[PDB]
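Single-structure report; data block below.
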Amino acid sequence: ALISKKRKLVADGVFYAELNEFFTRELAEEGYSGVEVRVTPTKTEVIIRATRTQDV
Amino acid sequence: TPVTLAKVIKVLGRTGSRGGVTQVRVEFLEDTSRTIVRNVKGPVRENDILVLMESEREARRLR
Amino acid sequence: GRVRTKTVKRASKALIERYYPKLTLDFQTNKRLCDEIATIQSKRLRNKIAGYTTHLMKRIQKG
Amino acid sequence: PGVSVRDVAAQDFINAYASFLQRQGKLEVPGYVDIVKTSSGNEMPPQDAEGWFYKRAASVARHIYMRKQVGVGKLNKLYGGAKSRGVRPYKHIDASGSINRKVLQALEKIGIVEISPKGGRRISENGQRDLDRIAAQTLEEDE
Amino acid sequence: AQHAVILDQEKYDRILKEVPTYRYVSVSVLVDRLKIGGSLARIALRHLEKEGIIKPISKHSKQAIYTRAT
Amino acid sequence: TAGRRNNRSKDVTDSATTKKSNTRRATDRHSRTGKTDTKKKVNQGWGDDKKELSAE
Amino acid sequence: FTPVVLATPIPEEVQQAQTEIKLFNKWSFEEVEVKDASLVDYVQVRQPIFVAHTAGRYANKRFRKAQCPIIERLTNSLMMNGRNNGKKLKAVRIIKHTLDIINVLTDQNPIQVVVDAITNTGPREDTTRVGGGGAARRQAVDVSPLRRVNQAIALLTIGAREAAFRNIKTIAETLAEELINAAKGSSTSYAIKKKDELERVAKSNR
Amino acid sequence: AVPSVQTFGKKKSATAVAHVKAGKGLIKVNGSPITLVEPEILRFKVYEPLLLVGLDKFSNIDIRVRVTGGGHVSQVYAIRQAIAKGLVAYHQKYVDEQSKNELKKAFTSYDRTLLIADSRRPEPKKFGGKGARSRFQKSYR
Amino acid sequence: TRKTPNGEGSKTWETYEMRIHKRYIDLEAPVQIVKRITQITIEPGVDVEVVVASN
Amino acid sequence: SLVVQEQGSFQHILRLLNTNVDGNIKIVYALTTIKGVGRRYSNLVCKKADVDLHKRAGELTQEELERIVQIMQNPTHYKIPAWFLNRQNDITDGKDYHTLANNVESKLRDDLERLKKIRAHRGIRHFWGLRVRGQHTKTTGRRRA
RNA sequence: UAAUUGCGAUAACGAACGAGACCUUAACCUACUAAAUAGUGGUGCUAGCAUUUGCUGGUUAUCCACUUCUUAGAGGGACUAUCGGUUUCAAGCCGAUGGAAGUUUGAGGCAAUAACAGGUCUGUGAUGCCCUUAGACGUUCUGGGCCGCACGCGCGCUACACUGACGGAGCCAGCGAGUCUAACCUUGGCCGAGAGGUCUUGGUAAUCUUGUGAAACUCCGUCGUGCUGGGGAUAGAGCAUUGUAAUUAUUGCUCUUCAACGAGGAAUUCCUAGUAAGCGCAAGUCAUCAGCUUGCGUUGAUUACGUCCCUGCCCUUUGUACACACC
Ligand SMILES: [Mg+2]
Ligand SMILES: [Mg+2]
Ligand SMILES: [Mg+2]
Ligand SMILES: [Mg+2]
Ligand SMILES: [Mg+2]
Ligand SMILES: [Mg+2]
Ligand SMILES: [Mg+2]
Ligand SMILES: [Mg+2]
Ligand SMILES: [Mg+2]
Ligand SMILES: [Mg+2]
Ligand SMILES: [Mg+2]
Ligand SMILES: [Mg+2]
Ligand SMILES: [Mg+2]
Ligand SMILES: [Mg+2]
Ligand SMILES: [Mg+2]
Ligand SMILES: [Mg+2]
Ligand SMILES: [Mg+2]
């Protein structure tokens with residue numbers, strides 16, 4: 003790790019953008035509505051908002 | 005030289021095409037009770053004092 | 002130039018209409034009235050309104 | 002009354018301290034004096050000819066008395082002025098780290114300043130003495 | 036390089052004689068006398084001040100002011 | 065036939081001091097394609113206000 | 020003046036004048052009266068000050084420009100022409116020197132001589148450009164007191180600046196020299212000439 | 003602890019803080035007597051509050067001031083503000099109100115904005131010019 | 067950044083921004099509460115860091 | 002400093018180094034009209050020759066002047082650093098010089114010729130009366146030759 | 001009125017989008033909550049000068065207390081208030097007083113309907129069609145070129161000096177940025193005239209660089225009106241830095257060389273208060289290179305506070321054979 007606080011918060015933002023993109027390309031026919039990421043101890047959590055989750 | 009002193013009675017408005025000129029009615033302090041309207045140059049409010057280099061003349065409209 | 006919009010003038014009309022008992026010639030207490038009696042989204046808007054409810058109030062007493 | 006250099010006008014203090022080390026003779030004045038420029042951002046060398054090493058040392062001394070510690074880089078930036086780039090716009094430039102570093106060692110060997118911890122140079126306990134001394138001497142000229 | 040640069044002992048005496056009746060004396064005032072270019076002019080103000088004939092009511096660089104002695 | 069001297073002694077061509085040259089500005093609103101379009105083919109793409117009820 | 024001294028001592032000339040009379044660098048604000056009708060209310064002189072440096076807001080209302088001390092107004096107009104924009108400390112000093120020089124010659128009050136120079140160079144009447152179509156004649160007009168002061172200052176400073184350009188004399192000297200001649204107009208001054216000829220032109224069209 | 007107060011003054015970004023306590027009447031700016039302060043053309047600016055209210059009245063107190071920020075003018079207007087505001091803040095909690103109100107009267111009458119901070123402030127520049135208002139040069143054609 | 071992808075038009079600069087708020091709270095605690103406080107009071111967007119000792 | 006007198010001793014327009022020098026101008030700046038000696042070089046030389054800077058050209062002494070010349074044409078013996086000199090490390094004998102007066106005109110040619118004679122692009126560029134140092138020649142430098 | 005902003009007139013009455021509201025930034029809090037990553041007083045510990053108590057410093061924890069200054073959370077504050085002039089005594093406008101603040105409080109962000117064959121296929125792994133596709137218009141490698149110079153046009157930099165250059169000395173900002181699988185921001189000590197080199201060090205940052213001791217500016221001298229010591233173009237010789245590479249000279253340093261330019265014809269740009277102008281600085285770009293831009297603070301004026309003369313654009317009225325709408 004060992005990052006600047008400035009660079010860290012920006013870096014996380016870029017991470018969201020690239021992640022958000024990849025889902026918007028991949029999950030389109032599932033009605034992907036966007037995401038959110040929760041950084042926790044022991045895990046990174048990614049929640050997929052989709053109208054149709056049976057295909058996801 | 006017959007110097008003549010006159011106090012501004014009223015601000016009539018702006019004359020001149022460009023408009024940097026103001027119409028003003030004045031009263032002389034020496035021998036009052038007569039008023040003439042003069043064309044000014046600079047900025048003017050009421051109760052100023054204009055030095056009229058020639059006592060009797062006036063003008064109205066400018067282009 | 003300061004010209005109060007319709008929304009301010011429109012509310013002030015509607016307040017003095019139904020609340021003339023109370024209000025006042027004083028803005029400061031009229032302000033405090035509005036917070037209790039009316040729902041407004043911003044401090045600034047309310048002051049603009051309370052100020053004009055006060056203006057109208059003042060001259061109503063003159064007829 | 003009691004005295005600090007803070008009680009003496011900036012210019013005529015140093016001038017009197019300048020005329021002090023001059024009168025003295027214990028100096029360490031490297032000898033490239035009169036041939037050097039005091040900065041790269043200058044056209045001509047100091048007009049004082051024989052002199053002006055005193056004036057800076059006297060300037061340097063007082064500046065370092067006025068605070069905790071200063072280094073060579075700090076004096077380089079202090080004394081460094083604006084340099085004409087010719088047809089190009091002016092820019093701030095640092096002065097010579099030789100004149101200043103040698104002024105620092107020449108005042109130290111003479112005992113007005115000492116190498117401080119934290120880095121830098123601290124006013125010597127003996128320097129407080131001598132500076133507060135000729136300070137009060139200057140207020141004698143106005144008595 | 037038009038006159039006024041050096042000493043010329045007759046000029047020295049010219050100074051001592053002509054400085055009175057000046058209400059205002061300075062660098063510019065000395066040059067206006069058809070003599071004493073500004074350098075020796077600035078030196079003249081100091082030596083005329085060694086004793087009398089001028090009173091230092093002014094102070095510094097770019098402006099000098101002196102008055103006839105009293 | 066080289067160096068400053070030679071060029072300096074030569075006259076300067078008039079094309080140096082010339083103008084913007086324009087060349088087709090005021091014709092900008094008149095299509096050169098000669099083709100245009102057709103109301104039918106346009107109504108297929110964008111629909112026509114005549115059939116609107118059946119759309120709503 | 021009943022001297023008093025505390026821990027960090029305040030000097031004699033400092034103690035003396037300051038709490039006695041409120042005056043200039045050292046000069047008298049009293050006396051110094053405007054010798055012409057009008058031109059008063061537009062020349063400041065009481066209220067008194069110490070130096071001509073003041074941060075006021077004179078610009079945000081039409082006529083409040085006139086409440087500025089007229090010595091300071093003289094200085095403000097000194098700093099201009101490019102390089103000298105800003106640089107009031109320069110100007111403030113120049114005025115101080117100028118006043119001293121003016122005082123040396125013909126006594127009086129240098130701050131009074133300033134008042135004299137202002138009043139004398141203000142044009143009483145002037146001309147403007149009135150079209151009338153095609154070739155345009157020139158209509159005579161009587162210029163206001165405010166413009167009379169402004170133009171007086173501007174004319175005085177300019178003439179001195181131009182006379183102080185490319186010559187051994189300094190600004191303060193020429194500035195003084197101008198004011199001195201402009202005290203009672205000798206027509207040897209840049210300002211007076213320009214004033215008279217503005218009333219010469221205004222006379223021939225009337 | 004003795005009777006003491008602390009005040010400030012602000013012109014541009016300069017803020018001058020002054021500690022007014024009870025004492026033998028010293029007046030000091032950052033290191034030094036008020037008698038230098040250099041610009042020195044502006045010297046009489048920071049003398050002003052003393053001579054407005056009279057050269058005494060500092061005999062019972064001690065004034066020390068320090069300035070950070072601003073510039074060789076900007077700070078001078080800031081320190082004189084903190085000096086005068088302090089003298090009037092001192093009579094507030096220690097002497098009697100009527101002496102204080104006479105001080106505010108003797109100051110404000112003349113003033114420079116001595117008790118009151120000048121609200122002026124740099125305007126943000128915007129693209130299209132080097133200045134806030136100023137635009138660039140355009141040649142048309 | 068300029069608004070236009072290309073170069074044409076009067077030059078319109080536009081400045082975005084992102085604000086970073088940083089707090090710190092000092093606690094003198096046992097091992098239990100800290101570990102109890104860190105696992106919960108979690109949140110998206112809030113970066114929680116717990117350092118230790120004096121050095 | 003002081004009010005001086007002298008008598009007839011000082012002379013205007015003294016000649017040295019095959020050039021003329023105005024007498025009434027200060028000696029440090031008086032030396033500069035000589036080719037090869039600028040403000041710096043002049044200053045140090047006067048200081049090294051032990052001459053008073055407050056003096057004009059027309060003053061000093063026929064000996065002082067004679068000393069001044071002696072140092073100018075031998076800067077390295079009299080202890081001047083030789084980063085101080087206009088021509089150093091030659092390109093033939095490797096020695097350090099300071100070229101003075103008429104001779105600086107000569108050494109510009111020598112150098113200029115070496116480039117041309119060697120057909121170096123910098124030489125060719127000189128021969129065409131153009132700018133060598135690499136500046137854009139489109140807009141600037143129109144009148145010139 | 002800045003505003004289809006309102007008043008008023010009124011076959012209209014009452015409403016919505018856009019303007020306003022709103023949001024962000026700069027201003028006011030001795031009231032609230034606090035802070036060894038901010039700072040004050042006191043006490044120890046401690047140095048100097050006077051000595052009569054005093055004056056001026058040192059000591060990232062020797063302790064105690066505080067929150068004025070700094071920081072940012074929650075609030076509060078202004079509503080053109082009060083009074084008075086002017087006006088259909090309407091909306092408003094003007095002056096005075098008070099006030100942190102009374103020009104939309106100052107400056108921004110956002111911003112409806114509609115138009116243009118405005119610009120961008122050279123930002124896009126956005127894209128239709130066309131062209132090309134192995135002697136390639138794919139791609140990479142070496143080298144050159146985009147900088148080429150009789151000249152025309154535009155944004156600028158630096159100046160023609162004495163409100164100045166030069167030399168000493170005084171010496172004060174604000175917006176920023178800065179190094180992990182790395183070599184970023186750099187204090188300090190030595191060596192060196194300089195540029196720079198070398199040994200170490202603090203910092204992933206309100207903690208270190210940095211109080212960014214920036215520049216104009218202030219002070220004391222040197223020069224004296226002479227293209228002068230103003231001006232620094234051009235050019236010679238040498239030393240260093242970035243980089244695999246510096247020749248057509250990346251940049252920096254030193255000596256030398258010392259051009260035009262004596263205030264600029266016809267024309268034309270920008271601008272109303274902490275604004276104009278002067279002055280430097282950080283950031284973008286960046287291995288090296290700012291004479292550019294984006295923001296920042298420092299010093300700080302003159303003159304309007306008006307009009308429709310010029311120019312530009314809006315609005316009615318009017319004419320129309322135009323509606324792909326005078327291209
Ligand atoms: Mg500096
Ligand atoms: Mg300096
Ligand atoms: Mg020469
Ligand atoms: Mg607080
Ligand atoms: Mg007020
Ligand atoms: Mg097109
Ligand atoms: Mg595109
Ligand atoms: Mg190109
Ligand atoms: Mg442009
Ligand atoms: Mg020069
Ligand atoms: Mg200087
Ligand atoms: Mg060496
Ligand atoms: Mg020359
Ligand atoms: Mg000009
Ligand atoms: Mg850069
Ligand atoms: Mg660019
Ligand atoms: Mg019709």
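Chains as they are written, first to last, in the authors' numbering: chain E, 3 to 58; chain d, 5 to 67; chain S, 2 to 64; chain U, 2 to 144; chain a, 36 to 105; chain i, 65 to 120; chain G, 20 to 225; chain R, 3 to 143; chain V, 67 to 121; chain T, 2 to 146. The beta carbon of each residue, even a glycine, is placed where N, CA and C say it ideally should be.
Chain G places a beta carbon closer than 8 Å to that of R:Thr37, counting this residue as a contact. Within chain T, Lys48, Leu54 have C-beta atoms less than 7 Å from the C-beta of U:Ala50, given in sequence order.
Where R:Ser6 is concerned, the enclosing beta strand (DSSP E) starts and stops at 6-13. Under the 10 Å beta carbon count, R:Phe129 is surrounded by fewer than 16 other beta carbons and is classified as exposed. Within chain V, the C-beta atoms nearer than 9 Å to that of E:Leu11 come from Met84, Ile86, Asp113, in chain order.
Using a cutoff of 7 Å, the CB of T:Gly39 counts as near ligand 3, since one of the ligand's heavy atoms is closer than that. If you ignore the 5 residues before and after d:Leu16, its C-beta comes within less than 8 Å of the C-beta of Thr26, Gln27, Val28, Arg29, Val41, all in its own chain and listed in chain order.
Non-local beta-carbon contacts of G:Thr193 in its own chain, meaning distances under 6 Å to residues more than five positions away in sequence, involve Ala179, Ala182, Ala183 in chain order.
Membership of d:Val41 in the beta strand (DSSP E) is indicated by the continuous run 39-43. For the alpha helix (DSSP H) assignment, the uninterrupted runs of no fewer than 4 residues enclosed by the stretch 44-102 of chain a are, from N- to C-terminal side, 44-53, 62-66, 73-82. According to the DSSP assignment, S:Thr54 belongs to the alpha helix (DSSP H) that extends over 44-61. Using a CB distance cut-off of 8 Å, V:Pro96 does not count as an interface residue toward chain E.
The stretch 37-106 of chain T contains no complete beta strand (DSSP E) run of 3 or more residues. For U:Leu108, the uninterrupted alpha helix (DSSP H) segment begins and ends at 100-109. Nearest neighbour of R:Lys87 by Cα position, chosen from R:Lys26, R:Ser61, R:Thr115, R:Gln77, turns out to be R:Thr115. In terms of beta-carbon proximity, R:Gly33 lines the interface with chain U, with at least one pair separated by less than 8 Å. Judged by beta-carbon spacing, R:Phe60 lies beyond the 8 Å limit of R:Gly11, meaning their Cβ atoms are not closer than that value. Note on R:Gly73: under 16 other CB atoms within 10 angstroms of its CB, so exposed under the neighbour-count rule. Within its own chain, the residues whose Cβ lies closer than 6 Å to the Cβ of d:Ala63, once the five positions on either side in sequence are excluded, are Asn43, listed in chain order.
Using a Cβ distance threshold of 8 Å, T:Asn90 and T:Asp97 count as a contacting pair. DSSP places U:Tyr33 outside any alpha helix (DSSP H), giving it a letter other than H or E.
Counting along the chain, S:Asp36 sits inside no beta strand (DSSP E); it lies in the alpha helix (DSSP H) bounded by residues 28-38. Going by DSSP, T:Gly124 is part of the alpha helix (DSSP H) stretching over 122-128.
For U:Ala50 against U:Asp35, the beta-carbon gap comes to about 6 Å, under 8 Å, which counts as contact. Of R:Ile36, R:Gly33, R:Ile63, the smallest CA-CA separation from R:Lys23 is found for R:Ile63. Counting the other CB atoms within 10 Å of its CB gives d:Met57 a total of 16 or more, which places it among the buried residues. For G:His116, no CB of chain R lies under 8 Å from its own CB, so it is not counted at the interface with that chain.
At least 8 Å separates the CB of T:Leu109 from every CB of chain U. One finds nothing in chain E with a Cβ atom closer than 8 Å to the Cβ of V:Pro71; even the nearest lies about 18 Å away. The way I'd put it, the stretch 124-144 of chain G does touch the stretch 198-218 of chain G; three or more beta-carbon pairs between them come closer than 8 Å. Against chain E, the beta carbon of V:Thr104 has neighbours under 9 Å at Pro43, listed in chain order. Distance check between a:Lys90 and each of a:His38, a:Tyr101, a:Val40 places a:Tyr101 closest, using alpha-carbon atoms only.
With a threshold of 8 Å between beta carbons, U:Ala83 makes no contact with chain R.
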